[PDB]
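As structure tokens, the structure follows; a few thoughts come after it.
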Amino acid sequence: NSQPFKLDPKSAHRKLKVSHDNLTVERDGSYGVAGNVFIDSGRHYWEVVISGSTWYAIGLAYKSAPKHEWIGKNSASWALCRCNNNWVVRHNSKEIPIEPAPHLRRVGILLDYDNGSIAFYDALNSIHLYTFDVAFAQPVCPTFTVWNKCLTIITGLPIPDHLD
């Protein structure tokens, strides 16, 4: 098992609604919420289910990233971003295009903190999307930004064999 965590409803933008169980975040502009964990070792896998949201960003941030600055427009933030029909990854304000299978519904995030990688997957189809190589300077927390509809996180997952 990798690090189990929930959304921290205290980290959540006033324009977001975090659910009772702290696993879904909905919109009622960097509308964001963090995982309630800082990771500074090991390998960790979690997924996000996307219920038809056309504007969102899923990723990781140093503590030094200010609240709701989590869409990869600084040096402390890495994010997979849907921008309507356009999917990019963003770190340090660099927008790097990716080409997912249409109707990307379930996204895998594999953080290898020790070896210094953030890998994004189409978890449903077992397609690698992009890997960030990082020499992590600080602990990182998962981050979720959503502009419409909702996201659901699944955490504490084994590192799957159905990916590579």
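Chain labels run A, B, ... following the order of the structure tokens; each chain numbers its residues from 1, and ligands are numbered from 1 in the order shown.
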Residues near residue A:141, anyone? I mean within 10 Å using only C-alpha atoms, not counting same-chain ones fewer than 3 positions away, as a PDB file with N, CA, C and O atoms, in the first residue's frame.
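Contents of out.pdb, as written:
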ATOM      1  N   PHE A   5      -4.607   8.972   1.996  1.00  0.00           N
ATOM      2  CA  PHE A   5      -4.862  10.390   2.344  1.00  0.00           C
ATOM      3  C   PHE A   5      -6.282  10.745   1.949  1.00  0.00           C
ATOM      4  O   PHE A   5      -6.902   9.966   1.182  1.00  0.00           O
ATOM      5  N   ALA A  34      -5.907  20.597  -1.397  1.00  0.00           N
ATOM      6  CA  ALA A  34      -4.723  19.729  -1.232  1.00  0.00           C
ATOM      7  C   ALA A  34      -5.149  18.424  -0.553  1.00  0.00           C
ATOM      8  O   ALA A  34      -6.192  18.424   0.143  1.00  0.00           O
ATOM      9  N   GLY A  35      -4.398  17.356  -0.791  1.00  0.00           N
ATOM     10  CA  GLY A  35      -4.364  16.172   0.073  1.00  0.00           C
ATOM     11  C   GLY A  35      -3.875  16.536   1.446  1.00  0.00           C
ATOM     12  O   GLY A  35      -3.157  17.483   1.546  1.00  0.00           O
ATOM     13  N   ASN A  36      -4.310  15.828   2.473  1.00  0.00           N
ATOM     14  CA  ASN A  36      -3.959  16.107   3.890  1.00  0.00           C
ATOM     15  C   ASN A  36      -2.664  15.394   4.271  1.00  0.00           C
ATOM     16  O   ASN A  36      -2.559  14.973   5.415  1.00  0.00           O
ATOM     17  N   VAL A  37      -1.696  15.301   3.357  1.00  0.00           N
ATOM     18  CA  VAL A  37      -0.431  14.562   3.604  1.00  0.00           C
ATOM     19  C   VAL A  37       0.723  15.246   2.871  1.00  0.00           C
ATOM     20  O   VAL A  37       0.512  15.732   1.734  1.00  0.00           O
ATOM     21  N   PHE A  38       1.892  15.290   3.514  1.00  0.00           N
ATOM     22  CA  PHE A  38       3.198  15.630   2.882  1.00  0.00           C
ATOM     23  C   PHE A  38       4.048  14.367   2.799  1.00  0.00           C
ATOM     24  O   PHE A  38       4.232  13.659   3.805  1.00  0.00           O
ATOM     25  N   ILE A  39       4.480  14.072   1.585  1.00  0.00           N
ATOM     26  CA  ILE A  39       5.276  12.876   1.234  1.00  0.00           C
ATOM     27  C   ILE A  39       6.714  13.317   0.969  1.00  0.00           C
ATOM     28  O   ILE A  39       6.922  14.242   0.163  1.00  0.00           O
ATOM     29  N   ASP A  40       7.650  12.665   1.647  1.00  0.00           N
ATOM     30  CA  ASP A  40       9.097  12.952   1.573  1.00  0.00           C
ATOM     31  C   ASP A  40       9.889  11.644   1.407  1.00  0.00           C
ATOM     32  O   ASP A  40      11.099  11.675   1.655  1.00  0.00           O
ATOM     33  N   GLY A  59      -2.315  17.288  -9.530  1.00  0.00           N
ATOM     34  CA  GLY A  59      -0.858  17.236  -9.430  1.00  0.00           C
ATOM     35  C   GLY A  59      -0.334  17.195  -8.018  1.00  0.00           C
ATOM     36  O   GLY A  59      -0.897  16.485  -7.202  1.00  0.00           O
ATOM     37  N   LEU A  60       0.812  17.835  -7.846  1.00  0.00           N
ATOM     38  CA  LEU A  60       1.681  17.832  -6.653  1.00  0.00           C
ATOM     39  C   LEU A  60       2.271  19.223  -6.479  1.00  0.00           C
ATOM     40  O   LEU A  60       2.405  19.951  -7.503  1.00  0.00           O
ATOM     41  N   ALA A  61       2.640  19.564  -5.262  1.00  0.00           N
ATOM     42  CA  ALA A  61       3.189  20.888  -4.903  1.00  0.00           C
ATOM     43  C   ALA A  61       4.093  20.733  -3.682  1.00  0.00           C
ATOM     44  O   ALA A  61       3.743  19.927  -2.806  1.00  0.00           O
ATOM     45  N   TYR A  62       5.201  21.466  -3.635  1.00  0.00           N
ATOM     46  CA  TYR A  62       5.935  21.781  -2.379  1.00  0.00           C
ATOM     47  C   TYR A  62       5.022  22.587  -1.464  1.00  0.00           C
ATOM     48  O   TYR A  62       4.091  23.263  -1.986  1.00  0.00           O
ATOM     49  N   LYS A  63       5.312  22.574  -0.161  1.00  0.00           N
ATOM     50  CA  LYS A  63       4.614  23.416   0.856  1.00  0.00           C
ATOM     51  C   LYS A  63       4.780  24.897   0.499  1.00  0.00           C
ATOM     52  O   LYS A  63       3.839  25.683   0.750  1.00  0.00           O
ATOM     53  N   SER A  77       5.088  23.531  -8.255  1.00  0.00           N
ATOM     54  CA  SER A  77       3.797  22.933  -8.689  1.00  0.00           C
ATOM     55  C   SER A  77       3.992  22.114  -9.990  1.00  0.00           C
ATOM     56  O   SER A  77       4.517  22.679 -10.963  1.00  0.00           O
TER      57      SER A  77
END
Determine, counting only C-alpha atoms, which protein, DNA and RNA residues have an atom within 10 Å of an atom of residue A:3; residues of the same chain fewer than 5 positions away are not included. Present the result as a ChimeraX atom specification.
-> /A:37-39,42-46,155-158
Of the candidates A:135, A:76, A:83, A:153, which one gets nearest to residue A:19 if we count only C-alpha atoms?
->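 For residue A:19, the nearest of the candidates is A:153.
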Polymer residues at most 7 Å from stretch 102-111 of chain A, only C-alpha atoms, same-chain spacing of 5 or more positions, as JSON, numbers by chain | {"A": [43, 44, 45, 46, 47, 48, 49, 50, 117, 118, 119, 120, 121, 122, 123, 124]}
Save out the residues we just selected, N, CA, C and O atoms, as a PDB file, in the first residue's frame.
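Now in again-v1.pdb:
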ATOM      1  N   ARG A  43       7.360   5.293  -2.905  1.00  0.00           N
ATOM      2  CA  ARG A  43       6.531   5.303  -4.143  1.00  0.00           C
ATOM      3  C   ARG A  43       5.063   5.230  -3.758  1.00  0.00           C
ATOM      4  O   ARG A  43       4.746   4.499  -2.845  1.00  0.00           O
ATOM      5  N   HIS A  44       4.214   5.964  -4.448  1.00  0.00           N
ATOM      6  CA  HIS A  44       2.807   6.180  -4.058  1.00  0.00           C
ATOM      7  C   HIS A  44       1.967   6.314  -5.312  1.00  0.00           C
ATOM      8  O   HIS A  44       2.396   6.989  -6.267  1.00  0.00           O
ATOM      9  N   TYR A  45       0.809   5.684  -5.294  1.00  0.00           N
ATOM     10  CA  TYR A  45      -0.140   5.662  -6.413  1.00  0.00           C
ATOM     11  C   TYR A  45      -1.509   6.012  -5.855  1.00  0.00           C
ATOM     12  O   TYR A  45      -1.856   5.494  -4.779  1.00  0.00           O
ATOM     13  N   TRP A  46      -2.216   6.903  -6.543  1.00  0.00           N
ATOM     14  CA  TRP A  46      -3.615   7.269  -6.275  1.00  0.00           C
ATOM     15  C   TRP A  46      -4.278   7.634  -7.613  1.00  0.00           C
ATOM     16  O   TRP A  46      -3.554   7.854  -8.625  1.00  0.00           O
ATOM     17  N   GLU A  47      -5.610   7.620  -7.663  1.00  0.00           N
ATOM     18  CA  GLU A  47      -6.359   7.903  -8.900  1.00  0.00           C
ATOM     19  C   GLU A  47      -7.347   9.014  -8.642  1.00  0.00           C
ATOM     20  O   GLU A  47      -7.765   9.182  -7.463  1.00  0.00           O
ATOM     21  N   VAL A  48      -7.725   9.700  -9.704  1.00  0.00           N
ATOM     22  CA  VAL A  48      -8.824  10.699  -9.715  1.00  0.00           C
ATOM     23  C   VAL A  48      -9.840  10.269 -10.769  1.00  0.00           C
ATOM     24  O   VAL A  48      -9.426  10.111 -11.944  1.00  0.00           O
ATOM     25  N   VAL A  49     -11.097  10.045 -10.355  1.00  0.00           N
ATOM     26  CA  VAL A  49     -12.278   9.884 -11.253  1.00  0.00           C
ATOM     27  C   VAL A  49     -12.862  11.249 -11.589  1.00  0.00           C
ATOM     28  O   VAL A  49     -13.335  11.953 -10.657  1.00  0.00           O
ATOM     29  N   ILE A  50     -12.998  11.515 -12.877  1.00  0.00           N
ATOM     30  CA  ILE A  50     -13.486  12.805 -13.417  1.00  0.00           C
ATOM     31  C   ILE A  50     -14.881  12.599 -13.987  1.00  0.00           C
ATOM     32  O   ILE A  50     -15.023  11.875 -14.966  1.00  0.00           O
ATOM     33  N   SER A 117      10.362  11.014  -9.663  1.00  0.00           N
ATOM     34  CA  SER A 117       9.435  11.055 -10.827  1.00  0.00           C
ATOM     35  C   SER A 117       7.974  11.193 -10.384  1.00  0.00           C
ATOM     36  O   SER A 117       7.614  10.720  -9.276  1.00  0.00           O
ATOM     37  N   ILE A 118       7.223  11.920 -11.207  1.00  0.00           N
ATOM     38  CA  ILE A 118       5.744  12.069 -11.219  1.00  0.00           C
ATOM     39  C   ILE A 118       5.274  11.553 -12.562  1.00  0.00           C
ATOM     40  O   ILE A 118       5.520  12.255 -13.558  1.00  0.00           O
ATOM     41  N   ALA A 119       4.610  10.401 -12.597  1.00  0.00           N
ATOM     42  CA  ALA A 119       4.090   9.789 -13.836  1.00  0.00           C
ATOM     43  C   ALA A 119       2.563   9.888 -13.828  1.00  0.00           C
ATOM     44  O   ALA A 119       1.970   9.644 -12.779  1.00  0.00           O
ATOM     45  N   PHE A 120       1.981  10.369 -14.926  1.00  0.00           N
ATOM     46  CA  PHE A 120       0.516  10.429 -15.165  1.00  0.00           C
ATOM     47  C   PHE A 120       0.110   9.320 -16.165  1.00  0.00           C
ATOM     48  O   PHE A 120       0.825   9.053 -17.200  1.00  0.00           O
ATOM     49  N   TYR A 121      -0.988   8.656 -15.848  1.00  0.00           N
ATOM     50  CA  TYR A 121      -1.555   7.513 -16.602  1.00  0.00           C
ATOM     51  C   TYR A 121      -3.048   7.742 -16.826  1.00  0.00           C
ATOM     52  O   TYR A 121      -3.721   8.271 -15.906  1.00  0.00           O
ATOM     53  N   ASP A 122      -3.535   7.380 -18.018  1.00  0.00           N
ATOM     54  CA  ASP A 122      -4.927   6.927 -18.262  1.00  0.00           C
ATOM     55  C   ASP A 122      -5.072   5.554 -17.607  1.00  0.00           C
ATOM     56  O   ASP A 122      -4.570   4.580 -18.179  1.00  0.00           O
ATOM     57  N   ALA A 123      -5.602   5.518 -16.380  1.00  0.00           N
ATOM     58  CA  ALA A 123      -5.641   4.324 -15.507  1.00  0.00           C
ATOM     59  C   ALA A 123      -6.622   3.292 -16.086  1.00  0.00           C
ATOM     60  O   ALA A 123      -6.362   2.079 -15.950  1.00  0.00           O
ATOM     61  N   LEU A 124      -7.702   3.765 -16.712  1.00  0.00           N
ATOM     62  CA  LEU A 124      -8.750   2.912 -17.321  1.00  0.00           C
ATOM     63  C   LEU A 124      -8.137   2.055 -18.451  1.00  0.00           C
ATOM     64  O   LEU A 124      -8.444   0.846 -18.500  1.00  0.00           O
TER      65      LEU A 124
END
Tell me, as an NGL selection string, which residues lie within 9 Å of residue A:22, counting only C-alpha atoms; anything in the same chain fewer than 6 positions away does not count.
-> :A and (6-9)
Identify, on the basis of only C-alpha atoms, every residue whose closest approach to residue A:51 does not exceed 9 Å; exclude the query and any residue fewer than 2 positions from it along the same chain; express the result as a ChimeraX atom specification.
-> /A:49,53,105,149-152
Please report, as a short mmCIF file (atom, residue, chain, number, x, y, z; two decimals) with N, CA, C and O atoms, in the first residue's frame, each residue of chain A to which DSSP assigns strand (DSSP E) when run on this structure's backbone.
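The result, stored in out.cif:
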data_model
loop_
_atom_site.label_atom_id
_atom_site.label_comp_id
_atom_site.auth_asym_id
_atom_site.auth_seq_id
_atom_site.Cartn_x
_atom_site.Cartn_y
_atom_site.Cartn_z
N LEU A 16 -15.23 25.96 -3.79
CA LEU A 16 -15.31 24.47 -3.85
C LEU A 16 -16.23 23.95 -2.73
O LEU A 16 -16.36 24.63 -1.69
N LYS A 17 -16.84 22.80 -2.96
CA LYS A 17 -17.56 22.00 -1.93
C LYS A 17 -16.85 20.65 -1.82
O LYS A 17 -16.87 19.91 -2.79
N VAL A 18 -16.16 20.40 -0.70
CA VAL A 18 -15.61 19.08 -0.32
C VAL A 18 -16.72 18.27 0.37
O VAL A 18 -17.41 18.82 1.18
N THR A 24 -14.46 13.61 -2.44
CA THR A 24 -14.98 14.28 -3.65
C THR A 24 -14.86 15.79 -3.47
O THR A 24 -15.10 16.28 -2.34
N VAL A 25 -14.49 16.50 -4.54
CA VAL A 25 -14.52 17.99 -4.55
C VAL A 25 -15.26 18.47 -5.80
O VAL A 25 -15.02 17.93 -6.89
N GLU A 26 -16.22 19.37 -5.59
CA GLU A 26 -17.13 19.93 -6.62
C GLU A 26 -17.00 21.44 -6.59
O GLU A 26 -16.73 21.99 -5.51
N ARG A 27 -17.25 22.07 -7.72
CA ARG A 27 -17.49 23.53 -7.82
C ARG A 27 -18.94 23.81 -7.41
O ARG A 27 -19.81 23.02 -7.80
N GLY A 32 -8.96 25.20 -5.85
CA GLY A 32 -8.07 24.07 -5.55
C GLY A 32 -8.26 23.54 -4.15
O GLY A 32 -8.84 24.25 -3.31
N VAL A 33 -7.73 22.36 -3.89
CA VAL A 33 -7.72 21.72 -2.56
C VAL A 33 -6.57 20.74 -2.54
O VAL A 33 -6.29 20.14 -3.59
N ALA A 34 -5.91 20.60 -1.40
CA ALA A 34 -4.72 19.73 -1.23
C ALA A 34 -5.15 18.42 -0.55
O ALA A 34 -6.19 18.42 0.14
N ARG A 43 7.36 5.29 -2.91
CA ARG A 43 6.53 5.30 -4.14
C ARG A 43 5.06 5.23 -3.76
O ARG A 43 4.75 4.50 -2.85
N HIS A 44 4.21 5.96 -4.45
CA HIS A 44 2.81 6.18 -4.06
C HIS A 44 1.97 6.31 -5.31
O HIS A 44 2.40 6.99 -6.27
N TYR A 45 0.81 5.68 -5.29
CA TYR A 45 -0.14 5.66 -6.41
C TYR A 45 -1.51 6.01 -5.85
O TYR A 45 -1.86 5.49 -4.78
N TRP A 46 -2.22 6.90 -6.54
CA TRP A 46 -3.62 7.27 -6.28
C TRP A 46 -4.28 7.63 -7.61
O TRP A 46 -3.55 7.85 -8.63
N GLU A 47 -5.61 7.62 -7.66
CA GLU A 47 -6.36 7.90 -8.90
C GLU A 47 -7.35 9.01 -8.64
O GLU A 47 -7.77 9.18 -7.46
N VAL A 48 -7.72 9.70 -9.70
CA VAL A 48 -8.82 10.70 -9.71
C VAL A 48 -9.84 10.27 -10.77
O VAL A 48 -9.43 10.11 -11.94
N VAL A 49 -11.10 10.05 -10.35
CA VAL A 49 -12.28 9.88 -11.25
C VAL A 49 -12.86 11.25 -11.59
O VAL A 49 -13.34 11.95 -10.66
N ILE A 50 -13.00 11.51 -12.88
CA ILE A 50 -13.49 12.80 -13.42
C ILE A 50 -14.88 12.60 -13.99
O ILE A 50 -15.02 11.87 -14.97
N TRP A 55 -12.60 21.47 -17.16
CA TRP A 55 -11.55 22.40 -16.67
C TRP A 55 -11.04 21.96 -15.29
O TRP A 55 -11.78 22.16 -14.29
N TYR A 56 -9.82 21.44 -15.22
CA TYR A 56 -9.24 20.92 -13.97
C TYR A 56 -7.73 20.75 -14.10
O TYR A 56 -7.19 20.83 -15.23
N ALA A 57 -7.09 20.55 -12.96
CA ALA A 57 -5.66 20.28 -12.83
C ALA A 57 -5.42 19.37 -11.63
O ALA A 57 -5.95 19.67 -10.55
N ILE A 58 -4.69 18.29 -11.85
CA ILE A 58 -4.37 17.25 -10.84
C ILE A 58 -2.87 17.23 -10.72
O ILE A 58 -2.23 17.12 -11.74
N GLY A 59 -2.31 17.29 -9.53
CA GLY A 59 -0.86 17.24 -9.43
C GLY A 59 -0.33 17.19 -8.02
O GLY A 59 -0.90 16.48 -7.20
N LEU A 60 0.81 17.84 -7.85
CA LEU A 60 1.68 17.83 -6.65
C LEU A 60 2.27 19.22 -6.48
O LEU A 60 2.41 19.95 -7.50
N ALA A 61 2.64 19.56 -5.26
CA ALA A 61 3.19 20.89 -4.90
C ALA A 61 4.09 20.73 -3.68
O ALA A 61 3.74 19.93 -2.81
N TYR A 62 5.20 21.47 -3.64
CA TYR A 62 5.93 21.78 -2.38
C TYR A 62 5.02 22.59 -1.46
O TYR A 62 4.09 23.26 -1.99
N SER A 77 5.09 23.53 -8.26
CA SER A 77 3.80 22.93 -8.69
C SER A 77 3.99 22.11 -9.99
O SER A 77 4.52 22.68 -10.96
N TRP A 78 3.56 20.84 -10.01
CA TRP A 78 3.43 19.97 -11.22
C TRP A 78 1.97 19.54 -11.36
O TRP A 78 1.43 19.06 -10.36
N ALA A 79 1.37 19.69 -12.53
CA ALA A 79 -0.08 19.42 -12.76
C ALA A 79 -0.32 18.83 -14.16
O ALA A 79 0.27 19.34 -15.14
N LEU A 80 -1.18 17.80 -14.25
CA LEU A 80 -1.91 17.44 -15.49
C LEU A 80 -3.17 18.32 -15.56
O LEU A 80 -3.93 18.40 -14.53
N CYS A 81 -3.39 18.97 -16.70
CA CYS A 81 -4.46 20.00 -16.86
C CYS A 81 -5.32 19.65 -18.06
O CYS A 81 -4.77 19.47 -19.14
N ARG A 82 -6.63 19.59 -17.86
CA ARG A 82 -7.60 19.71 -18.97
C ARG A 82 -8.02 21.17 -19.08
O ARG A 82 -8.39 21.77 -18.05
N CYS A 83 -7.93 21.70 -20.29
CA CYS A 83 -8.35 23.07 -20.68
C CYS A 83 -9.36 22.96 -21.82
O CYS A 83 -8.98 23.21 -22.99
N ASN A 86 -8.19 20.76 -24.83
CA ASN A 86 -6.71 20.73 -24.78
C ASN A 86 -6.26 20.16 -23.44
O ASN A 86 -6.65 20.69 -22.40
N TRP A 87 -5.42 19.13 -23.49
CA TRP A 87 -4.71 18.57 -22.33
C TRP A 87 -3.24 18.95 -22.41
O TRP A 87 -2.61 18.73 -23.49
N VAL A 88 -2.73 19.52 -21.34
CA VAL A 88 -1.29 19.83 -21.18
C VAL A 88 -0.84 19.24 -19.84
O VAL A 88 -1.71 18.84 -19.07
N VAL A 89 0.45 19.08 -19.64
CA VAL A 89 1.09 19.11 -18.30
C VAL A 89 1.83 20.44 -18.17
O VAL A 89 2.21 21.01 -19.23
N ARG A 90 1.93 20.95 -16.94
CA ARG A 90 2.47 22.30 -16.63
C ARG A 90 3.37 22.17 -15.39
O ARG A 90 2.96 21.60 -14.36
N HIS A 91 4.61 22.56 -15.54
CA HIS A 91 5.54 22.85 -14.44
C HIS A 91 6.28 24.12 -14.79
O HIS A 91 6.63 24.29 -15.99
N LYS A 94 5.66 26.22 -17.98
CA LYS A 94 5.85 25.51 -19.28
C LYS A 94 4.62 24.63 -19.53
O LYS A 94 4.43 23.69 -18.74
N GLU A 95 3.84 24.92 -20.58
CA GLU A 95 2.65 24.13 -21.00
C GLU A 95 3.06 23.08 -22.04
O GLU A 95 3.13 23.41 -23.23
N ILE A 96 3.24 21.84 -21.61
CA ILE A 96 3.72 20.72 -22.48
C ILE A 96 2.51 19.92 -22.93
O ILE A 96 1.85 19.30 -22.10
N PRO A 97 2.14 19.97 -24.23
CA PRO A 97 1.01 19.19 -24.74
C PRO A 97 1.14 17.67 -24.56
O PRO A 97 2.25 17.14 -24.66
N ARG A 106 -10.43 8.32 -15.74
CA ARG A 106 -9.74 7.88 -14.50
C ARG A 106 -8.24 8.04 -14.71
O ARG A 106 -7.69 7.38 -15.61
N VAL A 107 -7.62 8.95 -13.95
CA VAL A 107 -6.19 9.36 -14.04
C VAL A 107 -5.43 8.76 -12.87
O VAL A 107 -5.83 9.00 -11.71
N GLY A 108 -4.35 8.05 -13.17
CA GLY A 108 -3.37 7.53 -12.20
C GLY A 108 -2.20 8.49 -12.02
O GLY A 108 -1.72 9.05 -13.03
N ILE A 109 -1.80 8.73 -10.77
CA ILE A 109 -0.60 9.50 -10.43
C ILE A 109 0.33 8.58 -9.65
O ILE A 109 -0.06 8.10 -8.56
N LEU A 110 1.49 8.32 -10.22
CA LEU A 110 2.57 7.55 -9.57
C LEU A 110 3.69 8.52 -9.22
O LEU A 110 4.31 9.06 -10.15
N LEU A 111 3.79 8.84 -7.93
CA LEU A 111 4.90 9.59 -7.35
C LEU A 111 5.95 8.59 -6.86
O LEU A 111 5.67 7.82 -5.90
N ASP A 112 7.09 8.58 -7.51
CA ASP A 112 8.31 7.94 -7.00
C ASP A 112 9.20 9.01 -6.38
O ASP A 112 10.00 9.58 -7.11
N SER A 117 10.36 11.01 -9.66
CA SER A 117 9.44 11.06 -10.83
C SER A 117 7.97 11.19 -10.38
O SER A 117 7.61 10.72 -9.28
N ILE A 118 7.22 11.92 -11.21
CA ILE A 118 5.74 12.07 -11.22
C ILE A 118 5.27 11.55 -12.56
O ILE A 118 5.52 12.26 -13.56
N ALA A 119 4.61 10.40 -12.60
CA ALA A 119 4.09 9.79 -13.84
C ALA A 119 2.56 9.89 -13.83
O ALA A 119 1.97 9.64 -12.78
N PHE A 120 1.98 10.37 -14.93
CA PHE A 120 0.52 10.43 -15.17
C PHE A 120 0.11 9.32 -16.17
O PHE A 120 0.82 9.05 -17.20
N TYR A 121 -0.99 8.66 -15.85
CA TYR A 121 -1.55 7.51 -16.60
C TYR A 121 -3.05 7.74 -16.83
O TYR A 121 -3.72 8.27 -15.91
N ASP A 122 -3.54 7.38 -18.02
CA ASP A 122 -4.93 6.93 -18.26
C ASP A 122 -5.07 5.55 -17.61
O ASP A 122 -4.57 4.58 -18.18
N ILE A 127 -2.55 3.60 -20.27
CA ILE A 127 -1.70 4.41 -21.18
C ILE A 127 -0.87 5.38 -20.33
O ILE A 127 -1.47 6.17 -19.60
N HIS A 128 0.45 5.36 -20.47
CA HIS A 128 1.35 6.42 -19.95
C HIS A 128 1.09 7.75 -20.69
O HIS A 128 1.04 7.73 -21.94
N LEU A 129 0.92 8.85 -19.95
CA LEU A 129 0.60 10.20 -20.51
C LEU A 129 1.88 11.06 -20.55
O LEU A 129 2.15 11.67 -21.61
N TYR A 130 2.65 11.08 -19.46
CA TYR A 130 3.82 11.96 -19.28
C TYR A 130 4.49 11.62 -17.95
O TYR A 130 3.75 11.25 -17.01
N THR A 131 5.81 11.72 -17.88
CA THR A 131 6.60 11.61 -16.63
C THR A 131 7.45 12.88 -16.44
O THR A 131 8.26 13.20 -17.35
N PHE A 132 7.26 13.57 -15.33
CA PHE A 132 8.20 14.60 -14.82
C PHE A 132 9.33 13.92 -14.04
O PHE A 132 9.05 13.19 -13.06
N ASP A 133 10.56 14.23 -14.41
CA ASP A 133 11.78 13.92 -13.64
C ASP A 133 12.11 15.12 -12.75
O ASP A 133 12.09 16.23 -13.25
N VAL A 140 6.14 16.94 -0.72
CA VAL A 140 5.07 17.28 -1.70
C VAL A 140 3.72 16.78 -1.16
O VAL A 140 3.69 15.75 -0.48
N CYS A 141 2.66 17.49 -1.46
CA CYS A 141 1.27 17.10 -1.19
C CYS A 141 0.52 17.05 -2.50
O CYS A 141 0.75 17.87 -3.38
N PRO A 142 -0.39 16.08 -2.66
CA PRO A 142 -1.26 16.03 -3.83
C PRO A 142 -2.12 17.29 -3.89
O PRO A 142 -2.42 17.81 -2.86
N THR A 143 -2.53 17.71 -5.07
CA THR A 143 -3.34 18.92 -5.27
C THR A 143 -4.39 18.65 -6.33
O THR A 143 -4.09 17.87 -7.27
N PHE A 144 -5.57 19.26 -6.18
CA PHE A 144 -6.73 19.08 -7.08
C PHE A 144 -7.37 20.44 -7.30
O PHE A 144 -7.81 21.09 -6.34
N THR A 145 -7.42 20.84 -8.54
CA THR A 145 -8.06 22.09 -8.97
C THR A 145 -9.19 21.73 -9.93
O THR A 145 -8.95 20.93 -10.85
N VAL A 146 -10.39 22.24 -9.69
CA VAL A 146 -11.57 21.96 -10.55
C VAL A 146 -12.38 23.24 -10.72
O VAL A 146 -12.64 23.92 -9.73
N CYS A 150 -17.03 17.75 -10.80
CA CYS A 150 -16.42 17.21 -9.57
C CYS A 150 -15.33 16.21 -9.88
O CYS A 150 -15.30 15.68 -11.01
N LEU A 151 -14.47 15.97 -8.90
CA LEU A 151 -13.35 14.99 -8.93
C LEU A 151 -13.51 14.08 -7.72
O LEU A 151 -13.84 14.62 -6.64
N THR A 152 -13.23 12.79 -7.87
CA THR A 152 -13.16 11.82 -6.74
C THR A 152 -11.79 11.14 -6.72
O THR A 152 -11.39 10.59 -7.76
N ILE A 153 -11.17 11.09 -5.55
CA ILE A 153 -9.81 10.54 -5.37
C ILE A 153 -9.93 9.13 -4.81
O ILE A 153 -10.87 8.86 -4.06
N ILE A 154 -9.04 8.27 -5.20
CA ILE A 154 -8.90 6.91 -4.62
C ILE A 154 -7.44 6.77 -4.21
O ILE A 154 -6.57 7.01 -5.07
N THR A 155 -7.18 6.57 -2.92
CA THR A 155 -5.82 6.68 -2.34
C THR A 155 -5.50 5.40 -1.57
O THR A 155 -6.40 4.66 -1.27
N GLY A 156 -4.24 5.19 -1.22
CA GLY A 156 -3.78 4.01 -0.47
C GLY A 156 -3.67 2.79 -1.37
O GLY A 156 -3.68 1.65 -0.82
N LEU A 157 -3.62 3.00 -2.70
CA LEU A 157 -3.63 1.91 -3.70
C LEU A 157 -2.26 1.25 -3.74
O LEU A 157 -1.24 1.91 -3.70
#
